[PDB]
Structures are given as structure tokens and as C-alpha cells.
file upload24.pdb (PDB, C-alpha atoms (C1' of nucleotides))
ATOM      1  CA  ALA S 806    -123.598  13.858  12.415  1.00  0.00           C
ATOM      2  CA  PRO S 807    -124.576  10.829  10.324  1.00  0.00           C
ATOM      3  CA  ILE S 808    -121.976  11.114   7.562  1.00  0.00           C
ATOM      4  CA  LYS S 809    -119.308  11.950  10.136  1.00  0.00           C
ATOM      5  CA  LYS S 810    -120.360   8.987  12.265  1.00  0.00           C
ATOM      6  CA  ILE S 811    -120.139   6.666   9.270  1.00  0.00           C
ATOM      7  CA  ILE S 812    -116.673   7.975   8.417  1.00  0.00           C
ATOM      8  CA  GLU S 813    -115.548   7.445  12.014  1.00  0.00           C
ATOM      9  CA  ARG S 814    -116.840   3.879  11.984  1.00  0.00           C
ATOM     10  CA  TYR S 815    -114.957   3.097   8.779  1.00  0.00           C
ATOM     11  CA  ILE S 816    -111.740   4.585  10.139  1.00  0.00           C
ATOM     12  CA  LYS S 817    -112.153   2.460  13.274  1.00  0.00           C
ATOM     13  CA  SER S 818    -112.579  -0.577  11.032  1.00  0.00           C
ATOM     14  CA  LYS S 819    -109.438   0.384   9.118  1.00  0.00           C
ATOM     15  CA  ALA S 820    -107.515   0.758  12.372  1.00  0.00           C
ATOM     16  CA  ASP S 821    -108.692  -2.667  13.510  1.00  0.00           C
ATOM     17  CA  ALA S 822    -107.572  -4.173  10.207  1.00  0.00           C
ATOM     18  CA  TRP S 823    -104.339  -2.174  10.284  1.00  0.00           C
ATOM     19  CA  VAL S 824    -103.319  -2.635  13.911  1.00  0.00           C
ATOM     20  CA  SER S 825    -103.968  -6.376  13.761  1.00  0.00           C
ATOM     21  CA  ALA S 826    -101.994  -6.622  10.523  1.00  0.00           C
ATOM     22  CA  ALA S 827     -99.108  -4.724  12.102  1.00  0.00           C
ATOM     23  CA  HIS S 828     -99.155  -7.069  15.091  1.00  0.00           C
ATOM     24  CA  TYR S 829     -99.100 -10.077  12.776  1.00  0.00           C
ATOM     25  CA  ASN S 830     -96.149  -8.618  10.878  1.00  0.00           C
ATOM     26  CA  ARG S 831     -94.286  -8.015  14.133  1.00  0.00           C
ATOM     27  CA  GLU S 832     -94.912 -11.604  15.193  1.00  0.00           C
ATOM     28  CA  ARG S 833     -93.603 -12.845  11.849  1.00  0.00           C
ATOM     29  CA  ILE S 834     -90.491 -10.698  12.227  1.00  0.00           C
ATOM     30  CA  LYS S 835     -89.911 -12.084  15.716  1.00  0.00           C
ATOM     31  CA  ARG S 836     -90.101 -15.625  14.353  1.00  0.00           C
ATOM     32  CA  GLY S 837     -88.002 -15.110  11.229  1.00  0.00           C
ATOM     33  CA  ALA S 838     -90.668 -15.730   8.612  1.00  0.00           C
ATOM     34  CA  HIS S 839     -89.994 -14.290   5.135  1.00  0.00           C
ATOM     35  CA  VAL S 840     -90.666 -10.639   5.871  1.00  0.00           C
ATOM     36  CA  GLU S 841     -90.209  -8.097   3.077  1.00  0.00           C
ATOM     37  CA  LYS S 842     -87.547  -5.395   3.873  1.00  0.00           C
ATOM     38  CA  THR S 843     -90.075  -2.714   2.951  1.00  0.00           C
ATOM     39  CA  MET S 844     -92.749  -4.556   4.930  1.00  0.00           C
ATOM     40  CA  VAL S 845     -90.475  -4.730   7.967  1.00  0.00           C
ATOM     41  CA  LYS S 846     -89.749  -1.011   7.680  1.00  0.00           C
ATOM     42  CA  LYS S 847     -93.480  -0.299   7.507  1.00  0.00           C
ATOM     43  CA  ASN S 848     -94.076  -2.439  10.585  1.00  0.00           C
ATOM     44  CA  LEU S 849     -91.338  -0.583  12.455  1.00  0.00           C
ATOM     45  CA  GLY S 850     -92.904   2.741  11.489  1.00  0.00           C
ATOM     46  CA  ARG S 851     -96.503   1.671  12.085  1.00  0.00           C
ATOM     47  CA  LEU S 852     -95.661   0.038  15.376  1.00  0.00           C
ATOM     48  CA  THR S 853     -93.749   3.134  16.490  1.00  0.00           C
ATOM     49  CA  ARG S 854     -96.765   5.268  15.634  1.00  0.00           C
ATOM     50  CA  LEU S 855     -99.025   2.937  17.604  1.00  0.00           C
ATOM     51  CA  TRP S 856     -96.689   3.120  20.592  1.00  0.00           C
ATOM     52  CA  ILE S 857     -96.699   6.913  20.418  1.00  0.00           C
ATOM     53  CA  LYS S 858    -100.495   6.931  20.296  1.00  0.00           C
TER      54      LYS S 858
ATOM     55  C1'   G W   1    -152.726  46.077 -16.544  1.00  0.00           C
ATOM     56  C1'   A W   2    -149.235  43.679 -20.330  1.00  0.00           C
ATOM     57  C1'   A W   3    -143.914  43.377 -23.388  1.00  0.00           C
ATOM     58  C1'   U W   4    -138.976  44.034 -22.611  1.00  0.00           C
ATOM     59  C1'   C W   5    -134.087  45.831 -20.749  1.00  0.00           C
ATOM     60  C1'   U W   6    -130.437  47.302 -16.617  1.00  0.00           C
ATOM     61  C1'   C W   7    -128.659  46.840 -11.482  1.00  0.00           C
ATOM     62  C1'   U W   8    -128.784  44.624  -6.295  1.00  0.00           C
ATOM     63  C1'   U W   9    -129.824  40.390  -2.758  1.00  0.00           C
ATOM     64  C1'   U W  10    -131.163  35.094  -1.726  1.00  0.00           C
ATOM     65  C1'   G W  11    -131.309  30.279  -3.699  1.00  0.00           C
ATOM     66  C1'   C W  12    -128.020  27.452  -7.205  1.00  0.00           C
ATOM     67  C1'   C W  13    -122.549  28.091  -7.606  1.00  0.00           C
ATOM     68  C1'   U W  14    -114.927  24.463  -8.106  1.00  0.00           C
ATOM     69  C1'   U W  15    -116.788  31.003  -0.175  1.00  0.00           C
ATOM     70  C1'   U W  16    -111.326  26.325  -4.072  1.00  0.00           C
ATOM     71  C1'   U W  17    -108.631  20.226  -4.507  1.00  0.00           C
ATOM     72  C1'   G W  18    -110.462  12.912  -8.005  1.00  0.00           C
ATOM     73  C1'   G W  19    -106.387   7.413  -4.669  1.00  0.00           C
ATOM     74  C1'   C W  20    -103.030   4.301  -1.278  1.00  0.00           C
ATOM     75  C1'   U W  21     -98.325   3.359   1.328  1.00  0.00           C
ATOM     76  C1'   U W  22     -93.036   3.500   6.681  1.00  0.00           C
ATOM     77  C1'   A W  23     -96.272  12.242   7.324  1.00  0.00           C
ATOM     78  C1'   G W  24     -94.354   7.021   0.926  1.00  0.00           C
ATOM     79  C1'   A W  25     -88.888   8.070   1.835  1.00  0.00           C
ATOM     80  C1'   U W  26     -84.807  11.799   2.323  1.00  0.00           C
ATOM     81  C1'   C W  27     -83.085  17.329   2.691  1.00  0.00           C
ATOM     82  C1'   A W  28     -77.374  13.642   4.250  1.00  0.00           C
ATOM     83  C1'   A W  29     -72.658  10.209   1.599  1.00  0.00           C
ATOM     84  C1'   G W  30     -63.971  10.007   0.129  1.00  0.00           C
ATOM     85  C1'   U W  31     -69.525   6.853  -1.556  1.00  0.00           C
ATOM     86  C1'   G W  32     -70.094   1.839  -2.448  1.00  0.00           C
ATOM     87  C1'   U W  33     -72.462  -1.282  -6.064  1.00  0.00           C
ATOM     88  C1'   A W  34     -73.571  -3.417 -10.386  1.00  0.00           C
ATOM     89  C1'   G W  35     -73.480  -3.034 -15.428  1.00  0.00           C
ATOM     90  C1'   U W  36     -72.402  -1.091 -20.619  1.00  0.00           C
ATOM     91  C1'   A W  37     -68.713   0.895 -24.332  1.00  0.00           C
ATOM     92  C1'   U W  38     -63.389   2.167 -27.620  1.00  0.00           C
ATOM     93  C1'   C W  39     -59.105   5.955 -29.072  1.00  0.00           C
ATOM     94  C1'   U W  40     -53.961   9.595 -31.342  1.00  0.00           C
ATOM     95  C1'   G W  41     -51.932  11.813 -35.739  1.00  0.00           C
ATOM     96  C1'   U W  42     -49.214  12.129 -40.706  1.00  0.00           C
ATOM     97  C1'   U W  43     -49.598  11.437 -46.024  1.00  0.00           C
ATOM     98  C1'   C W  44     -49.900   9.383 -51.670  1.00  0.00           C
ATOM     99  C1'   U W  45     -51.786  11.120 -56.429  1.00  0.00           C
ATOM    100  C1'   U W  46     -40.168  17.688 -77.326  1.00  0.00           C
ATOM    101  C1'   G W  47     -40.163  21.418 -81.478  1.00  0.00           C
ATOM    102  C1'   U W  48     -40.012  22.610 -87.050  1.00  0.00           C
ATOM    103  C1'   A W  49     -40.973  21.359 -92.274  1.00  0.00           C
ATOM    104  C1'   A W  50     -43.069  18.266 -96.233  1.00  0.00           C
ATOM    105  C1'   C W  51     -46.578  14.596 -98.060  1.00  0.00           C
ATOM    106  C1'   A W  52     -51.673  11.462 -97.659  1.00  0.00           C
ATOM    107  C1'   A W  53     -57.243  12.999 -95.431  1.00  0.00           C
ATOM    108  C1'   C W  54     -61.407  16.246 -93.816  1.00  0.00           C
ATOM    109  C1'   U W  55     -63.559  21.635 -94.024  1.00  0.00           C
ATOM    110  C1'   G W  56     -66.721  21.936 -89.208  1.00  0.00           C
ATOM    111  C1'   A W  57     -69.549  20.445 -84.392  1.00  0.00           C
ATOM    112  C1'   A W  58     -73.648  20.849 -80.837  1.00  0.00           C
ATOM    113  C1'   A W  59     -78.621  22.547 -79.357  1.00  0.00           C
ATOM    114  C1'   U W  60     -83.873  22.682 -79.560  1.00  0.00           C
ATOM    115  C1'   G W  61     -87.663  24.490 -83.114  1.00  0.00           C
ATOM    116  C1'   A W  62     -89.842  24.896 -88.170  1.00  0.00           C
ATOM    117  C1'   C W  63     -91.559  19.991 -93.074  1.00  0.00           C
ATOM    118  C1'   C W  64     -93.562  14.732 -93.942  1.00  0.00           C
ATOM    119  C1'   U W  65     -95.389   9.527 -91.784  1.00  0.00           C
ATOM    120  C1'   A W  66     -89.833   6.792 -83.248  1.00  0.00           C
ATOM    121  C1'   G W  67     -87.716   7.483 -88.549  1.00  0.00           C
ATOM    122  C1'   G W  68     -86.169  10.596 -92.991  1.00  0.00           C
ATOM    123  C1'   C W  69     -83.738  15.209 -95.598  1.00  0.00           C
ATOM    124  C1'   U W  70     -83.392  20.753 -95.508  1.00  0.00           C
ATOM    125  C1'   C W  71     -82.793  25.642 -92.603  1.00  0.00           C
TER     126        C W  71
END
call {"tool": "encode", "arguments": {"input": "upload24.pdb", "output": "C-alpha cells"}}
result
Amino acid sequence: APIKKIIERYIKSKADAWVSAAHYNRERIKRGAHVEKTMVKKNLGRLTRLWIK
RNA sequence: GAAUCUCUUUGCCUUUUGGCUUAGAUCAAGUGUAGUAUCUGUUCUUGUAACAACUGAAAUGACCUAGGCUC
């Protein structure tokens, strides 16, 4: 239980950090604000995944 | 009773793994794109006799203190 719980919490944290980041990236893309091609691709992928979820 | 050895079970053991990213990407393409670099064979290359002169070289080793004669 405890170890598992801790792991869960950290993955939640990661998600929070990740999802927010993705959102930010998307916003940037929408604007037209020096997005990296690779970064944009990642955002597209990540965002797609999020949508699916 | 004490010493030791052999086997079995439990505990202990890699009853199996040292990262992240768009599962990293793709199982497709008359490709495009940028750069970096030089080659084929065919040929040139006097004799005879007489007189004057020498009779012989080289190798390493035997003597003496690189040099000097002998074998």
C-alpha cells in the first residue's frame, strides 16, 4: 500500500506537470510563438493521448 | 553425550531486467535534398700477324705492434 501510494502520488504530480506543459505548448502553437518542430509533434501526440483518455 | 560428512525443506536468493522522450519514430518513398571527389590506353631503350709491357686476382685466417711482410 504505502510504496504504491507514493508512486501513484508522484505519477499524479508528473501528469499535472505534463498536462499543464502540453496545454502551454498548445497555446504557444496557437499564437505562433517559436515552437520547435519536434516540440509541436510531441504536443500533437500528447494532446491526442489526453483527448483519448 | 561430543566431532564430522551426505541429502531434503524453510529463511536468504538476479521464482529474472539500472533512465527519459511524440508506445521516441517508422515497417512506407520514380524519392527529393544537400554536400564531397577525378579517368582511357600504347610505347622508347671488324678480323689476322708483328713489336713494346705484365705473369696473376680476390677472400678470410695463421706472425708482430689500424699498420707491416710471408703462407
call {"tool": "atom_distance", "arguments": {"input": "upload24.pdb", "atom1": "CA of residue 811 in chain S", "atom2": "CA of residue 824 in chain S"}}
result
19.8 Å
call {"tool": "interface_residues", "arguments": {"input": "upload24.pdb", "of": "chain S", "to": "chain W", "cutoff": "6 Å", "atoms": "only C-alpha atoms (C1' of nucleotides)", "output": "list in words"}}
result
residues 846, 847 and 850 of chain S
call {"tool": "atom_distance", "arguments": {"input": "upload24.pdb", "atom1": "CA of residue 836 in chain S", "atom2": "CA of residue 851 in chain S"}}
result
18.6 Å
call {"tool": "atom_distance", "arguments": {"input": "upload24.pdb", "atom1": "CA of residue 825 in chain S", "atom2": "CA of residue 808 in chain S"}}
result
25.9 Å
call {"tool": "residues_around", "arguments": {"input": "upload24.pdb", "residues": "residue 831 in chain S", "least_positions_apart": "3", "cutoff": "10 Å", "atoms": "all atoms listed in the file", "output": "ChimeraX atom specification"}}
result
/S:825-828,834-837,840,844-845,848-849,852
call {"tool": "write_last_selection", "arguments": {"input": "upload24.pdb", "atoms": "C-alpha atoms", "output": "PDB file, keeping the file's coordinate frame"}}
result
ATOM      1  CA  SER S 825    -103.968  -6.376  13.761  1.00  0.00           C
ATOM      2  CA  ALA S 826    -101.994  -6.622  10.523  1.00  0.00           C
ATOM      3  CA  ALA S 827     -99.108  -4.724  12.102  1.00  0.00           C
ATOM      4  CA  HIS S 828     -99.155  -7.069  15.091  1.00  0.00           C
ATOM      5  CA  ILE S 834     -90.491 -10.698  12.227  1.00  0.00           C
ATOM      6  CA  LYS S 835     -89.911 -12.084  15.716  1.00  0.00           C
ATOM      7  CA  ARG S 836     -90.101 -15.625  14.353  1.00  0.00           C
ATOM      8  CA  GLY S 837     -88.002 -15.110  11.229  1.00  0.00           C
ATOM      9  CA  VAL S 840     -90.666 -10.639   5.871  1.00  0.00           C
ATOM     10  CA  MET S 844     -92.749  -4.556   4.930  1.00  0.00           C
ATOM     11  CA  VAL S 845     -90.475  -4.730   7.967  1.00  0.00           C
ATOM     12  CA  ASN S 848     -94.076  -2.439  10.585  1.00  0.00           C
ATOM     13  CA  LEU S 849     -91.338  -0.583  12.455  1.00  0.00           C
ATOM     14  CA  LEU S 852     -95.661   0.038  15.376  1.00  0.00           C
TER      15      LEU S 852
END
call {"tool": "build_atoms", "arguments": {"input": "upload24.pdb", "residues": "range 813-849 of chain S", "atoms": "N, CA and C atoms", "output": "tab-separated table (two decimals), keeping the file's coordinate frame"}}
result
chain	number	residue	atom	x	y	z
S	813	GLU	N	-116.23	7.84	10.78
S	813	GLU	CA	-115.55	7.44	12.01
S	813	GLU	C	-115.53	5.94	12.13
S	814	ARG	N	-116.68	5.33	11.86
S	814	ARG	CA	-116.84	3.88	11.98
S	814	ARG	C	-115.85	3.20	10.99
S	815	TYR	N	-115.81	3.74	9.77
S	815	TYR	CA	-114.96	3.10	8.78
S	815	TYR	C	-113.49	3.28	9.16
S	816	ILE	N	-113.13	4.43	9.73
S	816	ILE	CA	-111.74	4.58	10.14
S	816	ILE	C	-111.40	3.66	11.27
S	817	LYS	N	-112.33	3.43	12.19
S	817	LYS	CA	-112.15	2.46	13.27
S	817	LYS	C	-111.88	1.08	12.71
S	818	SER	N	-112.69	0.71	11.72
S	818	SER	CA	-112.58	-0.58	11.03
S	818	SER	C	-111.18	-0.74	10.44
S	819	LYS	N	-110.75	0.32	9.77
S	819	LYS	CA	-109.44	0.38	9.12
S	819	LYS	C	-108.33	0.14	10.14
S	820	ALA	N	-108.47	0.84	11.26
S	820	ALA	CA	-107.52	0.76	12.37
S	820	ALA	C	-107.41	-0.67	12.87
S	821	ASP	N	-108.58	-1.28	13.04
S	821	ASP	CA	-108.69	-2.67	13.51
S	821	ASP	C	-107.95	-3.60	12.57
S	822	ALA	N	-108.20	-3.39	11.28
S	822	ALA	CA	-107.57	-4.17	10.21
S	822	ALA	C	-106.05	-3.92	10.14
S	823	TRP	N	-105.67	-2.68	10.45
S	823	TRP	CA	-104.34	-2.17	10.28
S	823	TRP	C	-103.56	-2.62	11.47
S	824	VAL	N	-104.05	-2.34	12.67
S	824	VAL	CA	-103.32	-2.64	13.91
S	824	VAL	C	-103.03	-4.13	14.00
S	825	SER	N	-104.07	-4.91	13.72
S	825	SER	CA	-103.97	-6.38	13.76
S	825	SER	C	-102.90	-6.86	12.80
S	826	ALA	N	-102.95	-6.29	11.59
S	826	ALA	CA	-101.99	-6.62	10.52
S	826	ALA	C	-100.57	-6.35	10.98
S	827	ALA	N	-100.41	-5.18	11.58
S	827	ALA	CA	-99.11	-4.72	12.10
S	827	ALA	C	-98.58	-5.72	13.12
S	828	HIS	N	-99.47	-6.11	14.02
S	828	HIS	CA	-99.16	-7.07	15.09
S	828	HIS	C	-98.66	-8.38	14.49
S	829	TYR	N	-99.40	-8.83	13.49
S	829	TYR	CA	-99.10	-10.08	12.78
S	829	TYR	C	-97.69	-10.01	12.17
S	830	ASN	N	-97.43	-8.88	11.53
S	830	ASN	CA	-96.15	-8.62	10.88
S	830	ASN	C	-95.02	-8.69	11.89
S	831	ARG	N	-95.25	-8.05	13.03
S	831	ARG	CA	-94.29	-8.02	14.13
S	831	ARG	C	-93.96	-9.42	14.59
S	832	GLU	N	-95.02	-10.21	14.76
S	832	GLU	CA	-94.91	-11.60	15.19
S	832	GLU	C	-94.04	-12.39	14.22
S	833	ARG	N	-94.33	-12.19	12.94
S	833	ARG	CA	-93.60	-12.84	11.85
S	833	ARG	C	-92.11	-12.51	11.93
S	834	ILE	N	-91.85	-11.23	12.12
S	834	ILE	CA	-90.49	-10.70	12.23
S	834	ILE	C	-89.75	-11.37	13.37
S	835	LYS	N	-90.44	-11.46	14.50
S	835	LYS	CA	-89.91	-12.08	15.72
S	835	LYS	C	-89.50	-13.51	15.44
S	836	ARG	N	-90.38	-14.23	14.75
S	836	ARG	CA	-90.10	-15.62	14.35
S	836	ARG	C	-88.89	-15.77	13.44
S	837	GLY	N	-88.93	-14.99	12.36
S	837	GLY	CA	-88.00	-15.11	11.23
S	837	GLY	C	-88.73	-15.81	10.10
S	838	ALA	N	-89.71	-15.11	9.53
S	838	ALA	CA	-90.67	-15.73	8.61
S	838	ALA	C	-90.92	-14.89	7.36
S	839	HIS	N	-89.92	-14.90	6.47
S	839	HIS	CA	-89.99	-14.29	5.14
S	839	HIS	C	-90.70	-12.93	5.11
S	840	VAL	N	-90.15	-12.00	5.88
S	840	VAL	CA	-90.67	-10.64	5.87
S	840	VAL	C	-89.97	-9.85	4.77
S	841	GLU	N	-90.72	-8.96	4.14
S	841	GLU	CA	-90.21	-8.10	3.08
S	841	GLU	C	-89.46	-6.93	3.76
S	842	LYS	N	-88.31	-6.49	3.22
S	842	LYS	CA	-87.55	-5.40	3.87
S	842	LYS	C	-88.44	-4.18	4.06
S	843	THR	N	-89.13	-3.85	2.97
S	843	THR	CA	-90.08	-2.71	2.95
S	843	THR	C	-91.16	-2.94	3.99
S	844	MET	N	-91.68	-4.17	4.00
S	844	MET	CA	-92.75	-4.56	4.93
S	844	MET	C	-92.28	-4.37	6.36
S	845	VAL	N	-91.06	-4.83	6.62
S	845	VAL	CA	-90.48	-4.73	7.97
S	845	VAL	C	-90.36	-3.28	8.38
S	846	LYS	N	-89.90	-2.45	7.45
S	846	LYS	CA	-89.75	-1.01	7.68
S	846	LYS	C	-91.09	-0.40	8.07
S	847	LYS	N	-92.11	-0.77	7.30
S	847	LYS	CA	-93.48	-0.30	7.51
S	847	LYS	C	-93.95	-0.65	8.91
S	848	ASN	N	-93.70	-1.90	9.27
S	848	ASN	CA	-94.08	-2.44	10.58
S	848	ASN	C	-93.43	-1.62	11.69
S	849	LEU	N	-92.14	-1.36	11.50
S	849	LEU	CA	-91.34	-0.58	12.46
S	849	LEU	C	-91.95	0.79	12.65
